[PDB]
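For reference, the structure is listed below as structure tokens.
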Amino acid sequence: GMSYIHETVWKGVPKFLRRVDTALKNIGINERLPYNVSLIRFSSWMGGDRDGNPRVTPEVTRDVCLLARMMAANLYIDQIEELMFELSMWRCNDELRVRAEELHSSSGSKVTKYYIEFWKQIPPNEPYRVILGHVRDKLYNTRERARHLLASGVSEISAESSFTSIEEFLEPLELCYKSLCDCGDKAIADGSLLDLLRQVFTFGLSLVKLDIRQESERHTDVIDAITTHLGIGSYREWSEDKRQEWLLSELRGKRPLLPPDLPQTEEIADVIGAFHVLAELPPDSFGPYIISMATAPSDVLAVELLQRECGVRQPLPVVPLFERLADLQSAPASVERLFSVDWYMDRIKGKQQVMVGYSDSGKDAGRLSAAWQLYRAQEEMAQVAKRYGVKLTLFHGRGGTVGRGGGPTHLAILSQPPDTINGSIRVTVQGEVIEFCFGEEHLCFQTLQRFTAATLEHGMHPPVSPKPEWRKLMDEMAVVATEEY
Amino acid sequence: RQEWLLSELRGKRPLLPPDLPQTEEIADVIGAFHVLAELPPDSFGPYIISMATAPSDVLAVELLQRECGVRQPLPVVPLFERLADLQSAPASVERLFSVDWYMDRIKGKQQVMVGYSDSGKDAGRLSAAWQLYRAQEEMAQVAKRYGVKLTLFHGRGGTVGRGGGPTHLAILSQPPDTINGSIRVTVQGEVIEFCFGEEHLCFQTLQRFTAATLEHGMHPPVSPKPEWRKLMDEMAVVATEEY
């Protein structure tokens, strides 16, 4: 998966954002799209989704997280020393001038004989090369520190010697950008520098943010082992309303719950060990924690508690994956229950993400009934979210085949109900589809354009909602189609 | 306190919250227990409670030990240093010995320290000397009833006022059938030089403790007559009031 991120996606994102800017010019907008606008992001399940895969261990997740951070450092280094050669102008800010003189002074005039270019100290009349030279050395530490953590588990190089945050990385680059602009050299700043700035906001220090996926029953397994070992009872046999009140009392409570004395299977161990690895790695390497075959709000609350009682100091957002027909029918109710408890509303802060599965729902019912309940699920969930003032982001688990929800990207976005995207959507690119959409450069440009254009048109020029007669007929054949299936 | 501590030691749910606010003193107590969990268990003897008064003092440390990650907990020894604490010392030992959880933990072995310094400072020399005789005597009786092997820890200094005196004489003044080949004694400060400053002396010190502990076992001293006890009990009250 990361091979495509190297060979077409890395340079393809700034190329496409370039075309978005010329499009903006030819409709009267005399301004570039801000480089902090992430029109297209890239996430990954590889090494993160472990549902049905016991071979995706807590060590495997740790590997792909650090390895991606190393790959990110490699690509940034190439862009930086390329930008080092390019930015040879002498006019600069007052702020850049002071910066370039600060680092020129604080840096002793040592040479690095194995540096191919800029092996001696850089003169202060090349200010952009002075700042980018410090960025370059800080990136070399970032690459090697990731290499050491990956091989052993510790590095000689400090975190203070490397880039530990996007903000630490962006500060020198945005200083150069504002400097070039203040000298009337905006046209230069919009070259390789703009492409790199856009690459930082798109890819960050991890290139891709990892998603974690585990099935709900594996979480209930661990929680049942806790209550059984503590003598509270059996979490598995409690009703869902009871489950909700118990976990909400434990999330509101300050006393720990998970005992280190806990007897664990290999599976109950894999669940806790995965949460442990999440607590060790930096938060900016992860996306949401996804719950396979989510059924009810306790599955969400179970993960929320397990995260905190495993020491995850900044918890991942919990995303339910409604994969089967019965789960999608009750999904607007499950979301309303979560939006109505004060603890969970304070946690999510007006933003909720829900995944809908196209593969397992088409297998539960027919293709007709799955696609129609998936329409209704998204439709009613967005209505629940709007009532509670929550911005709902849909995650569509589409495959390559039509049976698993596949099809032309702009056609699929047109099939989704009106007023359910609104500039926030996640879509899976599964396996062979990664080759289909990013195997060559013109394919990557095509894919980014379809998603961008379809999503944009869907927001301001939505499809028509079905007529009441159309709904009733659709509901009636869904019953007949599932029964036939 | 004994009810809550036992419900918590019996319960297997953790107690120590991570976001717990701590003073500098509270941070040192927990940090010490963390250090005890990091280093091998064979580097440590027991965890002694200064100013121990009641079983909740022993049970609290037993809990703070496990609630701080000491996977192999040290034996918790109370130090009865004042007169009142020594008067209620066999009572404190008894209720500990009557708790099923504590008896499962100590496994028939118990250590108790008695402080010759602060007890002489609290009462008189004569009173403290007598009460320490009784505390040792009644505690050994409590331990034998409950089938426990008691090991007394004598914290005596160099000077007579802090429990000092010739080794074979200090062992002889201890109640009969309270040593039985298991005793700990503090060698305090300058006494280390007095006893081990040269090979000659170390051989004497080792020989004194070994001989006097062996003789006290097989050939114990006499127990006090009932009139002697009654006289000591009344003289002790007059001594401490005068002191």
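Labels used: A, B, ... for chains in the order of the structure tokens, numbers from 1 for residues in each chain, and numbers from 1 for ligands as shown.
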
- Task: Please return as number ranges by chain: the residues of range 270-435 of chain A that backbone DSSP assigns to strand (DSSP E or B).
- Result: A: 286-292, 318-322, 351-357, 391-397, 425-427

- Pick out the residues sitting within 12 Å of residue 129 in chain B, and hand them over as an MDAnalysis selection string; count only C-alpha atoms, and ignore anything fewer than 6 positions along from it in its own chain. chainID B and resid 81:83 86 114:123 135:136 156 160:164 170 173:175 232:233 235:236 239:240

Next, write the just-selected residues to a file, as a short mmCIF file (atom, residue, chain, number, x, y, z; two decimals), in the first residue's frame, keeping N, CA and C atoms as the atom set.
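Contents of selection_12.cif, freshly written:
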data_model
loop_
_atom_site.label_atom_id
_atom_site.label_comp_id
_atom_site.auth_asym_id
_atom_site.auth_seq_id
_atom_site.Cartn_x
_atom_site.Cartn_y
_atom_site.Cartn_z
N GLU B 81 7.11 2.17 69.76
CA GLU B 81 8.15 3.02 70.34
C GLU B 81 7.74 3.73 71.61
N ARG B 82 6.46 3.97 71.83
CA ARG B 82 6.00 4.71 73.00
C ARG B 82 5.32 3.77 73.98
N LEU B 83 5.02 4.30 75.17
CA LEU B 83 4.51 3.47 76.25
C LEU B 83 3.12 2.94 75.93
N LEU B 86 3.15 0.27 73.34
CA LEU B 86 3.64 -1.00 73.86
C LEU B 86 2.62 -1.66 74.78
N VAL B 114 10.68 -3.35 68.75
CA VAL B 114 10.44 -2.59 69.97
C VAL B 114 11.54 -1.54 70.09
N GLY B 115 11.15 -0.30 70.38
CA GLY B 115 12.09 0.80 70.41
C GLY B 115 12.54 1.18 71.80
N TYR B 116 13.80 0.87 72.12
CA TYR B 116 14.34 1.19 73.43
C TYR B 116 14.61 2.68 73.60
N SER B 117 14.72 3.43 72.50
CA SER B 117 15.06 4.85 72.59
C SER B 117 13.84 5.69 72.98
N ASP B 118 12.85 5.76 72.09
CA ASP B 118 11.69 6.62 72.32
C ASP B 118 10.83 6.15 73.49
N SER B 119 10.91 4.88 73.88
CA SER B 119 10.12 4.43 75.03
C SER B 119 10.73 4.90 76.34
N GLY B 120 12.06 4.89 76.45
CA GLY B 120 12.70 5.49 77.60
C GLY B 120 12.49 6.99 77.67
N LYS B 121 12.34 7.64 76.52
CA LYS B 121 12.09 9.08 76.49
C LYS B 121 10.64 9.41 76.84
N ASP B 122 9.71 8.50 76.57
CA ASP B 122 8.30 8.73 76.83
C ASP B 122 7.98 8.55 78.31
N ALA B 123 8.26 7.36 78.84
CA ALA B 123 8.17 7.10 80.27
C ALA B 123 9.54 7.30 80.91
N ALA B 135 5.59 -6.40 76.93
CA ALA B 135 5.24 -6.44 75.51
C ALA B 135 5.86 -7.65 74.83
N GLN B 136 7.15 -7.89 75.07
CA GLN B 136 7.80 -9.08 74.52
C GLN B 136 7.16 -10.35 75.04
N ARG B 156 18.08 -1.11 70.13
CA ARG B 156 18.79 -0.57 71.28
C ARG B 156 20.07 0.12 70.82
N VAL B 160 23.06 3.35 77.94
CA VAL B 160 22.09 2.65 78.78
C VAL B 160 20.70 3.26 78.62
N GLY B 161 20.63 4.59 78.49
CA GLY B 161 19.36 5.27 78.36
C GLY B 161 18.59 4.94 77.10
N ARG B 162 19.26 4.40 76.08
CA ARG B 162 18.62 4.00 74.84
C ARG B 162 18.66 2.49 74.65
N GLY B 163 18.77 1.75 75.75
CA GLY B 163 18.74 0.30 75.71
C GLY B 163 20.09 -0.37 75.60
N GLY B 164 21.19 0.35 75.84
CA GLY B 164 22.51 -0.22 75.68
C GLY B 164 23.01 -0.95 76.91
N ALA B 170 22.18 -7.86 78.05
CA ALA B 170 20.93 -7.38 77.47
C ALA B 170 20.06 -8.54 77.00
N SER B 173 18.36 -10.11 80.15
CA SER B 173 17.24 -9.38 80.73
C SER B 173 15.95 -9.52 79.93
N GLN B 174 15.97 -10.27 78.79
CA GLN B 174 14.80 -10.45 77.95
C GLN B 174 13.98 -11.65 78.43
N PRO B 175 12.65 -11.57 78.29
CA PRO B 175 11.79 -12.58 78.91
C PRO B 175 12.12 -13.97 78.40
N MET B 232 6.65 -4.39 90.32
CA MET B 232 7.13 -3.70 89.13
C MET B 232 6.03 -2.86 88.50
N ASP B 233 4.80 -3.39 88.48
CA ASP B 233 3.70 -2.66 87.85
C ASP B 233 3.39 -1.36 88.59
N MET B 235 5.57 0.23 90.75
CA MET B 235 6.75 1.09 90.68
C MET B 235 6.83 1.79 89.33
N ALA B 236 6.45 1.09 88.26
CA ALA B 236 6.48 1.69 86.93
C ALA B 236 5.58 2.92 86.86
N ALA B 239 7.26 5.66 88.70
CA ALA B 239 8.44 6.12 87.98
C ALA B 239 8.07 7.08 86.85
N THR B 240 7.07 6.70 86.04
CA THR B 240 6.70 7.53 84.90
C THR B 240 6.05 8.83 85.36
#

- Considering only C-alpha atoms, extract the chain A residues located within 8 Å of chain B and return them as a ChimeraX atom specification. /A:229-230,254-259,261

Could you save those same residues with N, CA, C and O atoms as a PDB file, in the first residue's frame?
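Output saved as result_38.pdb:
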ATOM      1  N   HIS A 229     -13.886 -11.496  37.056  1.00  0.00           N
ATOM      2  CA  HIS A 229     -12.741 -11.570  37.959  1.00  0.00           C
ATOM      3  C   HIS A 229     -12.914 -10.662  39.174  1.00  0.00           C
ATOM      4  O   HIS A 229     -12.390 -10.971  40.251  1.00  0.00           O
ATOM      5  N   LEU A 230     -13.635  -9.550  39.028  1.00  0.00           N
ATOM      6  CA  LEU A 230     -13.900  -8.654  40.149  1.00  0.00           C
ATOM      7  C   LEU A 230     -15.130  -9.052  40.953  1.00  0.00           C
ATOM      8  O   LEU A 230     -15.291  -8.580  42.084  1.00  0.00           O
ATOM      9  N   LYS A 254     -13.414   8.020  38.966  1.00  0.00           N
ATOM     10  CA  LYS A 254     -11.982   8.271  38.932  1.00  0.00           C
ATOM     11  C   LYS A 254     -11.148   7.076  39.373  1.00  0.00           C
ATOM     12  O   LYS A 254      -9.923   7.109  39.223  1.00  0.00           O
ATOM     13  N   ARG A 255     -11.771   6.027  39.906  1.00  0.00           N
ATOM     14  CA  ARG A 255     -11.010   4.870  40.353  1.00  0.00           C
ATOM     15  C   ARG A 255     -10.680   3.963  39.167  1.00  0.00           C
ATOM     16  O   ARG A 255     -11.533   3.734  38.306  1.00  0.00           O
ATOM     17  N   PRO A 256      -9.452   3.446  39.095  1.00  0.00           N
ATOM     18  CA  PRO A 256      -9.107   2.492  38.033  1.00  0.00           C
ATOM     19  C   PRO A 256      -9.991   1.255  38.090  1.00  0.00           C
ATOM     20  O   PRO A 256     -10.684   0.985  39.073  1.00  0.00           O
ATOM     21  N   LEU A 257      -9.958   0.482  37.005  1.00  0.00           N
ATOM     22  CA  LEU A 257     -10.799  -0.707  36.923  1.00  0.00           C
ATOM     23  C   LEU A 257     -10.000  -1.945  36.541  1.00  0.00           C
ATOM     24  O   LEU A 257     -10.137  -2.995  37.178  1.00  0.00           O
ATOM     25  N   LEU A 258      -9.177  -1.838  35.506  1.00  0.00           N
ATOM     26  CA  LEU A 258      -8.445  -2.992  34.992  1.00  0.00           C
ATOM     27  C   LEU A 258      -7.406  -3.457  36.001  1.00  0.00           C
ATOM     28  O   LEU A 258      -6.468  -2.705  36.304  1.00  0.00           O
ATOM     29  N   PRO A 259      -7.521  -4.665  36.540  1.00  0.00           N
ATOM     30  CA  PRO A 259      -6.505  -5.161  37.459  1.00  0.00           C
ATOM     31  C   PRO A 259      -5.369  -5.816  36.697  1.00  0.00           C
ATOM     32  O   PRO A 259      -5.601  -6.532  35.711  1.00  0.00           O
ATOM     33  N   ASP A 261      -3.879  -8.235  37.806  1.00  0.00           N
ATOM     34  CA  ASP A 261      -4.064  -9.637  38.157  1.00  0.00           C
ATOM     35  C   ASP A 261      -4.960 -10.382  37.175  1.00  0.00           C
ATOM     36  O   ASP A 261      -5.236 -11.566  37.395  1.00  0.00           O
TER      37      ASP A 261
END

- Write out as a ChimeraX atom specification each polymer residue whose atoms come within 7 Å of residue 90 in chain B, counting only C-alpha atoms; drop sequence neighbours fewer than 4 positions from it. /B:94,135,138-139,142

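The residue set within 12 Å of residue 169 in chain A, counting only C-alpha atoms and dropping same-chain residues fewer than 2 places from it, reads residues 73, 76, 80, 131, 132, 134, 135, 136, 138, 139, 142, 162, 163, 164, 165, 166, 167, 171, 172, 173, 174, 175, 196, 197, 199, 200, 201, 204 and 205 of chain A.
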
Let's have the selection written as a PDB file, in the first residue's frame, with C-alpha atoms.
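This went into result_3.pdb:
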ATOM      1  CA  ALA A  73      11.220  11.558   6.777  1.00  0.00           C
ATOM      2  CA  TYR A  76      10.697  15.220   3.171  1.00  0.00           C
ATOM      3  CA  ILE A  80      14.031  19.795   1.427  1.00  0.00           C
ATOM      4  CA  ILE A 131      16.771  27.971   7.672  1.00  0.00           C
ATOM      5  CA  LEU A 132      16.270  25.023   5.311  1.00  0.00           C
ATOM      6  CA  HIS A 134      18.664  23.511   9.857  1.00  0.00           C
ATOM      7  CA  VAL A 135      15.396  21.876   8.755  1.00  0.00           C
ATOM      8  CA  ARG A 136      17.451  19.383   6.748  1.00  0.00           C
ATOM      9  CA  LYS A 138      16.535  18.077  11.923  1.00  0.00           C
ATOM     10  CA  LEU A 139      14.989  15.772   9.314  1.00  0.00           C
ATOM     11  CA  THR A 142      14.005  12.311  12.510  1.00  0.00           C
ATOM     12  CA  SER A 162      14.165  15.910  15.682  1.00  0.00           C
ATOM     13  CA  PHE A 163      10.680  16.865  14.490  1.00  0.00           C
ATOM     14  CA  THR A 164       8.081  15.591  16.958  1.00  0.00           C
ATOM     15  CA  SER A 165       5.096  17.624  15.715  1.00  0.00           C
ATOM     16  CA  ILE A 166       3.680  19.122  12.532  1.00  0.00           C
ATOM     17  CA  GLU A 167       3.828  22.559  14.165  1.00  0.00           C
ATOM     18  CA  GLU A 171       7.190  26.956  11.577  1.00  0.00           C
ATOM     19  CA  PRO A 172      10.356  27.290   9.426  1.00  0.00           C
ATOM     20  CA  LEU A 173       8.522  26.593   6.157  1.00  0.00           C
ATOM     21  CA  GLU A 174       5.748  29.118   6.804  1.00  0.00           C
ATOM     22  CA  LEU A 175       8.406  31.653   7.803  1.00  0.00           C
ATOM     23  CA  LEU A 196       6.006  20.986   0.100  1.00  0.00           C
ATOM     24  CA  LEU A 197       3.753  22.989   2.427  1.00  0.00           C
ATOM     25  CA  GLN A 199       2.475  17.931   1.344  1.00  0.00           C
ATOM     26  CA  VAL A 200       2.952  18.608   5.064  1.00  0.00           C
ATOM     27  CA  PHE A 201      -0.729  19.379   5.670  1.00  0.00           C
ATOM     28  CA  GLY A 204       2.269  15.027   8.050  1.00  0.00           C
ATOM     29  CA  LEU A 205       5.049  13.274   9.914  1.00  0.00           C
TER      30      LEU A 205
END

- Message: Which residue is closest to residue 216 in chain A? Choose from A:464, A:293, A:232, A:277 and count only C-alpha atoms.
- Response: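 Of all the options, A:293 lies closest to residue 216 in chain A.
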
- Query: Any idea what's packed within 8 Å of residue 178 in chain B, counting only C-alpha atoms, ignoring anything in its chain fewer than 5 positions away? Could you give it as a ChimeraX atom specification?
  - Reply: /B:136-137,140,150,152

- Item | Length of the CA of residue 472 in chain A to CA of residue 375 in chain A vector [Å] |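 Taking CA of residue 472 in chain A and CA of residue 375 in chain A, their separation equals 13.8 Å.
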
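Distances to residue 455 in chain A were evaluated for A:484, A:150, A:435, A:423 using only C-alpha atoms, and the minimum falls at A:423.
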
- What does the distance between CA of residue 311 in chain A and CA of residue 343 in chain A come to in Å, to one decimal place? 18.8 Å

- Mind checking which residues fall within 10 Å of range 339-342 of chain A, counting only C-alpha atoms, ignoring those fewer than 3 positions away in the same chain, and posting them as number ranges by chain? A: 244, 248, 297, 333-336, 345-348, 350, 352, 384-385, 387-390

- State, in Å with one decimal place, the distance from CA of residue 140 in chain A to CA of residue 178 in chain A.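 These two atoms are separated by 25.0 Å.
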
Could you make a table, as a Markdown table, of the residues of range 63-173 of chain B that have an atom within 8 Å of an atom of range 45-53 of chain B, each with its nearest atom pair and distance in Å to one decimal, counting only C-alpha atoms, in chain and number order?
| residue | atom | partner | partner_atom | distance |
| --- | --- | --- | --- | --- |
| B:74 | CA | B:46 | CA | 5.2 |
| B:75 | CA | B:46 | CA | 4.8 |
| B:76 | CA | B:47 | CA | 4.9 |
| B:77 | CA | B:48 | CA | 4.7 |
| B:78 | CA | B:49 | CA | 4.8 |
| B:79 | CA | B:50 | CA | 5.3 |
| B:80 | CA | B:52 | CA | 5.4 |
| B:81 | CA | B:51 | CA | 6.0 |
| B:82 | CA | B:51 | CA | 7.5 |
| B:85 | CA | B:53 | CA | 5.0 |
| B:88 | CA | B:53 | CA | 7.7 |
| B:89 | CA | B:53 | CA | 7.5 |
| B:92 | CA | B:53 | CA | 7.7 |
| B:113 | CA | B:48 | CA | 7.9 |

With N, CA and C atoms retained, export the selected residues as a PDB file, in the first residue's frame.
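What landed in again20.pdb:
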ATOM      1  N   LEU B  74       7.394  -6.797  50.739  1.00  0.00           N
ATOM      2  CA  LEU B  74       8.229  -7.006  51.907  1.00  0.00           C
ATOM      3  C   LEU B  74       7.360  -7.298  53.129  1.00  0.00           C
ATOM      4  N   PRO B  75       7.891  -8.028  54.108  1.00  0.00           N
ATOM      5  CA  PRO B  75       7.168  -8.189  55.374  1.00  0.00           C
ATOM      6  C   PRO B  75       7.071  -6.860  56.107  1.00  0.00           C
ATOM      7  N   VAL B  76       5.890  -6.590  56.652  1.00  0.00           N
ATOM      8  CA  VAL B  76       5.583  -5.308  57.276  1.00  0.00           C
ATOM      9  C   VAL B  76       5.706  -5.465  58.786  1.00  0.00           C
ATOM     10  N   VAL B  77       6.648  -4.744  59.378  1.00  0.00           N
ATOM     11  CA  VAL B  77       6.999  -4.876  60.790  1.00  0.00           C
ATOM     12  C   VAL B  77       6.591  -3.595  61.507  1.00  0.00           C
ATOM     13  N   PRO B  78       5.762  -3.667  62.546  1.00  0.00           N
ATOM     14  CA  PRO B  78       5.444  -2.465  63.319  1.00  0.00           C
ATOM     15  C   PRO B  78       6.511  -2.198  64.368  1.00  0.00           C
ATOM     16  N   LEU B  79       6.810  -0.920  64.573  1.00  0.00           N
ATOM     17  CA  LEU B  79       7.761  -0.495  65.593  1.00  0.00           C
ATOM     18  C   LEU B  79       6.984   0.216  66.694  1.00  0.00           C
ATOM     19  N   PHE B  80       6.800  -0.468  67.822  1.00  0.00           N
ATOM     20  CA  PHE B  80       6.117   0.100  68.981  1.00  0.00           C
ATOM     21  C   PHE B  80       7.150   0.842  69.818  1.00  0.00           C
ATOM     22  N   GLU B  81       7.107   2.174  69.764  1.00  0.00           N
ATOM     23  CA  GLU B  81       8.148   3.017  70.339  1.00  0.00           C
ATOM     24  C   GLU B  81       7.742   3.731  71.613  1.00  0.00           C
ATOM     25  N   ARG B  82       6.457   3.975  71.830  1.00  0.00           N
ATOM     26  CA  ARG B  82       5.996   4.713  72.996  1.00  0.00           C
ATOM     27  C   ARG B  82       5.324   3.767  73.982  1.00  0.00           C
ATOM     28  N   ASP B  85       1.667   2.601  73.029  1.00  0.00           N
ATOM     29  CA  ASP B  85       1.743   1.666  71.911  1.00  0.00           C
ATOM     30  C   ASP B  85       2.236   0.298  72.368  1.00  0.00           C
ATOM     31  N   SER B  88      -0.728  -1.565  74.302  1.00  0.00           N
ATOM     32  CA  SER B  88      -1.670  -2.169  73.369  1.00  0.00           C
ATOM     33  C   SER B  88      -0.975  -2.962  72.267  1.00  0.00           C
ATOM     34  N   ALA B  89       0.288  -3.352  72.477  1.00  0.00           N
ATOM     35  CA  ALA B  89       1.010  -4.087  71.438  1.00  0.00           C
ATOM     36  C   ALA B  89       0.526  -5.525  71.297  1.00  0.00           C
ATOM     37  N   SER B  92      -2.753  -5.372  69.505  1.00  0.00           N
ATOM     38  CA  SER B  92      -2.559  -5.118  68.080  1.00  0.00           C
ATOM     39  C   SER B  92      -2.124  -6.380  67.350  1.00  0.00           C
ATOM     40  N   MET B 113       9.161  -4.994  65.988  1.00  0.00           N
ATOM     41  CA  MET B 113      10.254  -4.198  66.526  1.00  0.00           C
ATOM     42  C   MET B 113       9.796  -3.438  67.764  1.00  0.00           C
TER      43      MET B 113
END

- Residues near residue 443 in chain A, cut-off 12 Å, only C-alpha atoms, skip fewer than 3 positions along chain, as a PyMOL selection string: chain A and resi 4+7-9+12+16+433-440+446-450

- Query: With distances taken over only C-alpha atoms, which of B:109, B:144, B:168, B:154 is nearest to residue 216 in chain B?
  - Reply: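 Among the listed residues, the smallest separation from residue 216 in chain B belongs to B:168.
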
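Of the listed residues A:458, A:122, A:374, A:77, the one whose atoms come nearest to residue 141 in chain A is A:77, with distances taken using only C-alpha atoms.
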